[PDB]
Structure formats: C-alpha cells, structure tokens
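> structure, please.
(chains A and B, ligands or ions: 1)
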Amino acid sequence: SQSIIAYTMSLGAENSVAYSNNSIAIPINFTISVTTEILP
Amino acid sequence: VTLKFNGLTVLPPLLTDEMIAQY
Ligand SMILES: *[C@@H]1O[C@H](CO)[C@@H](O)[C@H](O)[C@H]1NC(C)=O
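Numbers count the residues shown, from 1 in each chain, chains lettered A, B, ... in the order given. Next up is the structure itself:
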C-alpha cells in the first residue's frame, strides 16, 4: 500500500497563544536537556 | 530591492519568498 508522495512543507505546528493583559504562564518542572553539537 | 540560452538556469530556493514570511 506504499507510494512516493509530494506536498507543501509544514513549517511547524500551527500554534495558538494564550495572550492577555492579565494572564501569564510560569513553569514548575524542567528537563536538564543534553544536546550534541559537532564542528570540523 | 530591484531586479536563457547557454545551459544557464536560475534554480528556485527551497523556501519561497512567502514561506520566509511564515517563519
Ligand atoms: C484586559 O483585556 C480585556 C479584554 O480581553 C479588557 O476588557 C480589560 O479592560 C483589560 N484590562 C486591562 C488592565 O487592560
């Protein structure tokens, strides 16, 4: 059932933002995220 | 910003001037 397909590239999730003059968000938990970056 | 025969082609960018505006 497989095939090769062509499409417009999704630049990201269409993400909605909870703005208000009186609203906020602040975090309570976090990842100490490790990344590799590699250079000649 | 103002702007053929002998084997010469100007290929398109991967990202259109419109998708630049999306990012
Ligand atoms: C905050 O926004 C609401 C509309 O969403 C408005 O009625 C309210 O007066 C605003 N408050 C302040 C302090 O700007």
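
> up against the ligand, what does chain A have?
Contact residues (CB under 6 Å from any ligand atom) of chain A with the ligand: A:20, A:21, A:22. The way it works is simple: take the backbone N, C-alpha and C, and place the C-beta from them, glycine included.

> which among these count as buried?
Taking 16 or more other CB atoms under 10 Å in any protein chain shown as the criterion, nothing in the residues of chain A next to the ligand is buried.

> okay if I get these as TSV plus secondary structure?
Output for the residues of chain A next to the ligand, formatted as TSV (DSSP: H, G, I helix; E, B strand; the rest coil):
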residue	secondary structure
A:20	coil
A:21	coil
A:22	coil
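
> which one of these is nearest to the ligand?
residue A:21 (3.7 Å; CB to the nearest ligand atom).

> from residue B:12, how far off is residue B:6?
Applying CB to CB, to the nearest Å, the value for residue B:6 to residue B:12 is 20 Å.

> so these two - more neighbours on which side?
residue B:12 (8 against 4; other CB atoms under 10 Å in any protein chain shown).

> element containing that one?
Of the helices and strands defined by DSSP states H and E, none includes residue B:12.

> residue B:21 too?
Assigned by DSSP H and E, residue B:21 belongs to helix B:17-22.

> any residue of that helix up close to chain A?
Yes: using CB under 8 Å from any CB of the partner chain, helix B:17-22 comes into contact with chain A via B:19, B:22.
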